[PDB]
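Colleague: What follows is the file model_14.cif, containing mmCIF, C-alpha atoms:
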data_structure
#
loop_
_atom_site.group_PDB
_atom_site.id
_atom_site.type_symbol
_atom_site.label_atom_id
_atom_site.label_comp_id
_atom_site.auth_asym_id
_atom_site.auth_seq_id
_atom_site.Cartn_x
_atom_site.Cartn_y
_atom_site.Cartn_z
ATOM 1 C CA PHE A 1 0.000 0.000 0.000
ATOM 2 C CA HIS A 2 1.008 3.596 -0.637
ATOM 3 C CA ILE A 3 0.685 6.600 1.673
ATOM 4 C CA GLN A 4 0.715 9.818 -0.331
ATOM 5 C CA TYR A 5 2.371 12.616 1.629
ATOM 6 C CA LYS A 6 2.120 16.240 0.577
ATOM 7 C CA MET A 7 5.236 18.296 1.204
ATOM 8 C CA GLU A 8 5.138 22.038 0.895
ATOM 9 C CA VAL A 9 7.350 25.108 1.116
ATOM 10 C CA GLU A 10 5.657 28.288 2.352
ATOM 11 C CA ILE A 11 7.679 30.962 0.552
ATOM 12 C CA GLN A 12 6.814 34.557 1.397
ATOM 13 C CA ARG A 13 9.152 37.005 -0.293
ATOM 14 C CA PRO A 14 10.936 39.178 2.316
ATOM 15 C CA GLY A 15 9.710 42.735 1.988
ATOM 16 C CA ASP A 16 7.297 41.948 -0.852
ATOM 17 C CA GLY A 17 3.543 42.214 -0.462
ATOM 18 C CA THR A 18 2.556 39.239 -2.607
ATOM 19 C CA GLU A 19 0.482 36.436 -1.126
ATOM 20 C CA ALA A 20 2.300 33.720 0.796
ATOM 21 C CA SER A 21 2.287 30.699 -1.483
ATOM 22 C CA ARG A 22 2.508 26.960 -0.855
ATOM 23 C CA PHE A 23 4.563 24.890 -3.292
ATOM 24 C CA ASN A 24 4.387 21.113 -3.510
ATOM 25 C CA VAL A 25 7.981 19.929 -3.455
ATOM 26 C CA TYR A 26 9.622 16.540 -3.940
ATOM 27 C CA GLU A 27 6.631 15.069 -5.785
ATOM 28 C CA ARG A 28 8.725 12.734 -7.911
ATOM 29 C CA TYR A 29 9.134 10.294 -5.023
ATOM 30 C CA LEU A 30 6.222 11.207 -2.766
ATOM 31 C CA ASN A 31 3.890 10.445 -5.691
ATOM 32 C CA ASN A 32 5.377 7.130 -6.860
ATOM 33 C CA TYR A 33 5.438 3.908 -4.881
ATOM 34 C CA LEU A 34 8.428 2.433 -3.076
ATOM 35 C CA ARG A 35 10.879 0.107 -4.779
ATOM 36 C CA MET A 36 12.726 -3.050 -3.805
ATOM 37 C CA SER A 37 16.225 -1.675 -3.293
ATOM 38 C CA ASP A 38 18.962 -3.275 -5.359
ATOM 39 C CA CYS A 39 21.187 -3.456 -2.277
ATOM 40 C CA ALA A 40 18.863 -6.039 -0.686
ATOM 41 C CA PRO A 41 16.176 -7.046 -3.198
ATOM 42 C CA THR A 42 14.953 -10.067 -1.212
ATOM 43 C CA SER A 43 12.844 -8.796 1.682
ATOM 44 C CA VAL A 44 10.314 -5.982 1.666
ATOM 45 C CA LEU A 45 11.861 -4.593 4.861
ATOM 46 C CA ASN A 46 14.788 -3.389 2.761
ATOM 47 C CA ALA A 47 12.497 -1.309 0.523
ATOM 48 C CA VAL A 48 13.502 2.059 1.939
ATOM 49 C CA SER A 49 11.366 5.201 1.915
ATOM 50 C CA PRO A 50 12.398 8.235 -0.154
ATOM 51 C CA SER B 1 -1.146 33.917 14.471
ATOM 52 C CA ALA B 2 -3.791 34.549 11.783
ATOM 53 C CA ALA B 3 -4.309 30.769 11.556
ATOM 54 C CA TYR B 4 -7.059 29.050 13.515
ATOM 55 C CA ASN B 5 -5.972 25.858 15.258
ATOM 56 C CA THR B 6 -7.988 22.810 16.258
ATOM 57 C CA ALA B 7 -7.859 21.237 19.706
ATOM 58 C CA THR B 8 -6.350 17.775 19.977
ATOM 59 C CA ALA B 9 -5.257 15.211 22.547
ATOM 60 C CA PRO B 10 -1.667 14.414 23.539
ATOM 61 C CA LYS B 11 -0.016 11.816 21.327
ATOM 62 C CA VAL B 12 1.981 8.687 22.127
ATOM 63 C CA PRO B 13 5.670 9.577 22.558
ATOM 64 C CA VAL B 14 7.863 7.449 20.306
ATOM 65 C CA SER B 15 11.592 7.176 19.655
ATOM 66 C CA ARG B 16 13.589 5.538 16.884
ATOM 67 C CA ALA B 17 13.639 2.185 18.683
ATOM 68 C CA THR B 18 9.840 2.008 18.485
ATOM 69 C CA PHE B 19 9.874 1.411 14.726
ATOM 70 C CA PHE B 20 13.399 0.477 13.662
ATOM 71 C CA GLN B 21 15.624 -2.455 14.530
ATOM 72 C CA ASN B 22 19.001 -1.991 16.203
ATOM 73 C CA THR B 23 21.357 -4.219 14.206
ATOM 74 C CA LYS B 24 24.075 -4.447 16.843
ATOM 75 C CA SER B 25 24.705 -7.651 18.752
ATOM 76 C CA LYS B 26 24.370 -7.387 22.521
ATOM 77 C CA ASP B 27 25.961 -10.824 23.022
ATOM 78 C CA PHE B 28 29.166 -10.612 20.960
ATOM 79 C CA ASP B 29 31.392 -7.567 21.440
ATOM 80 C CA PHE B 30 34.020 -7.464 18.713
ATOM 81 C CA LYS B 31 37.239 -6.004 20.090
ATOM 82 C CA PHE B 32 39.637 -3.668 18.325
ATOM 83 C CA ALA B 33 43.403 -3.248 18.187
ATOM 84 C CA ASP B 34 45.225 -0.165 19.422
ATOM 85 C CA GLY B 35 47.331 2.099 17.265
ATOM 86 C CA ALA B 36 47.738 5.772 16.405
ATOM 87 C CA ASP B 37 50.480 5.567 13.765
ATOM 88 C CA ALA B 38 49.525 5.549 10.103
ATOM 89 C CA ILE B 39 52.480 3.513 8.827
ATOM 90 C CA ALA B 40 51.762 1.001 11.589
ATOM 91 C CA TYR C 1 -7.722 22.914 27.102
ATOM 92 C CA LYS C 2 -7.552 26.213 25.243
ATOM 93 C CA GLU C 3 -8.859 28.746 27.735
ATOM 94 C CA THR C 4 -11.764 31.010 26.838
ATOM 95 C CA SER C 5 -11.123 34.659 26.031
ATOM 96 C CA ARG C 6 -13.182 37.754 25.255
ATOM 97 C CA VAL C 7 -13.095 39.193 21.738
ATOM 98 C CA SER C 8 -10.941 42.318 21.699
ATOM 99 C CA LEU C 9 -12.970 44.069 18.957
ATOM 100 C CA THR C 10 -9.860 45.346 17.176
ATOM 101 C CA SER C 11 -8.757 44.976 13.576
ATOM 102 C CA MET C 12 -7.705 41.389 12.880
ATOM 103 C CA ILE C 13 -5.854 42.102 9.625
ATOM 104 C CA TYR C 14 -2.499 40.348 9.338
ATOM 105 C CA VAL C 15 -0.107 41.256 6.543
ATOM 106 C CA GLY C 16 1.891 38.048 6.302
ATOM 107 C CA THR C 17 5.467 37.841 7.548
ATOM 108 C CA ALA C 18 5.181 41.422 8.829
ATOM 109 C CA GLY C 19 2.812 40.221 11.556
ATOM 110 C CA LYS C 20 -0.344 41.936 12.690
ATOM 111 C CA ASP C 21 -1.292 45.238 11.107
ATOM 112 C CA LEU C 22 -1.243 48.520 12.999
ATOM 113 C CA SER C 23 -4.688 48.846 14.556
ATOM 114 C CA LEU C 24 -6.106 52.349 13.995
ATOM 115 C CA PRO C 25 -9.661 52.039 15.326
ATOM 116 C CA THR C 26 -10.751 55.676 15.018
ATOM 117 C CA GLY C 27 -8.020 56.832 12.641
ATOM 118 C CA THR C 28 -7.166 60.468 13.352
ATOM 119 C CA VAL C 29 -10.319 61.455 15.250
ATOM 120 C CA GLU C 30 -8.805 61.121 18.721
ATOM 121 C CA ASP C 31 -5.835 63.229 17.620
ATOM 122 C CA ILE C 32 -8.046 66.042 16.297
ATOM 123 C CA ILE C 33 -11.336 65.857 18.185
ATOM 124 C CA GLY C 34 -9.691 64.640 21.392
ATOM 125 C CA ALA C 35 -9.613 61.504 23.530
ATOM 126 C CA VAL C 36 -13.094 60.237 24.355
ATOM 127 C CA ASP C 37 -12.892 57.691 27.214
ATOM 128 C CA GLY C 38 -16.295 56.100 26.826
ATOM 129 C CA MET C 39 -15.714 54.011 29.961
ATOM 130 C CA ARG C 40 -16.647 56.929 32.235
ATOM 131 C CA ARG C 41 -19.944 58.528 31.208
ATOM 132 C CA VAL C 42 -22.239 60.912 33.079
ATOM 133 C CA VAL C 43 -26.021 60.533 32.964
ATOM 134 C CA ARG C 44 -27.221 64.111 32.528
ATOM 135 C CA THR C 45 -29.830 65.311 34.999
ATOM 136 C CA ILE C 46 -33.128 65.640 33.147
ATOM 137 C CA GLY C 47 -35.227 66.228 36.266
ATOM 138 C CA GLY C 48 -34.574 68.369 39.290
ATOM 139 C CA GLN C 49 -35.877 69.827 42.533
ATOM 140 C CA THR C 50 -38.832 72.227 42.586
#
Would you put the structure from the file into structure tokens?
Modeller:
Amino acid sequence: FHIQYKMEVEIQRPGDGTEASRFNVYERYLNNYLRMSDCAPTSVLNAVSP
Amino acid sequence: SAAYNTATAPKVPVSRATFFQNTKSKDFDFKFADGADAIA
Amino acid sequence: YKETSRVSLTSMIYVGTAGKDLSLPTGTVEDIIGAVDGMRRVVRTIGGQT
């Protein structure tokens, strides 16, 4: 099973009046499922989280 | 601070040892040799 | 437990990373017209002694 985590950077420009904006970051790995690592491809316990 | 929070209960305190295995043997202590010289 | 409070009836405008705005309830009236102090008020005497 997959748990989709949202990760976000609240960037508010210092001294600028624009709205504080949330940016989804690192959504290459937080959006795709885990992978059996090639270091230890045998057990699932070695499938390490991004 | 301009954001409205929601009340919640205290959560279970956890450490690393709650989820992850310590892969160090508590029965067999491998010993090491002295030395501070690099040619040695 | 988040303790109960009483609403302060001031401007609740926040301007981002600059924090809370400067609350100017009456603007410039109290600088021109003069301080009011509504807390102490005198009930004028409508009646009297005859």
Colleague: Could you list, as a list in words, every residue of chain C that has an atom within 9 Å of an atom of chain B, counting all atoms listed in the file?
Modeller: residues 1, 2, 12, 13, 14, 16, 19 and 20 of chain C
Colleague: Within 10 Å of chain A, which residues of chain C are there when counting all atoms listed in the file? Please give them as a PyMOL selection string.
Modeller: chain C and resi 15-18
Colleague: Could you give me, as a tab-separated table, a per-residue list for chain A showing, wherever an atom lies at most 12 Å from an atom of chain B, the closest pair of atoms and their distance in Å to one decimal, using all atoms listed in the file and sorting by chain then residue number from low to high?
Modeller:
residue	atom	partner	partner_atom	distance
A:45	CA	B:20	CA	10.3
A:46	CA	B:20	CA	11.6
A:48	CA	B:20	CA	11.8
Colleague: Figure out the distance between atom CA of residue 12 of chain B and atom CA of residue 8 of chain A, please, to one decimal in Å.
Modeller: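 Atom CA of residue 12 of chain B lies 25.3 Å from atom CA of residue 8 of chain A.
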Colleague: Figure out the distance between atom CA of residue 5 of chain B and atom CA of residue 22 of chain A, please, to one decimal in Å.
Modeller: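 Separation between atom CA of residue 22 of chain A and atom CA of residue 5 of chain B: 18.2 Å.
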Colleague: Calculate how many Å separate atom CA of residue 49 of chain A from atom CA of residue 6 of chain A, rounding to one decimal.
Modeller: 14.5 Å
Colleague: List every protein, DNA or RNA residue that has at least one atom no more than 10 Å from (-0.7, 6.6, -2.4) in the file's coordinates, counting all atoms listed in the file, and write the result as a VMD selection string.
Modeller: chain A and resid 1 to 5 30 to 33
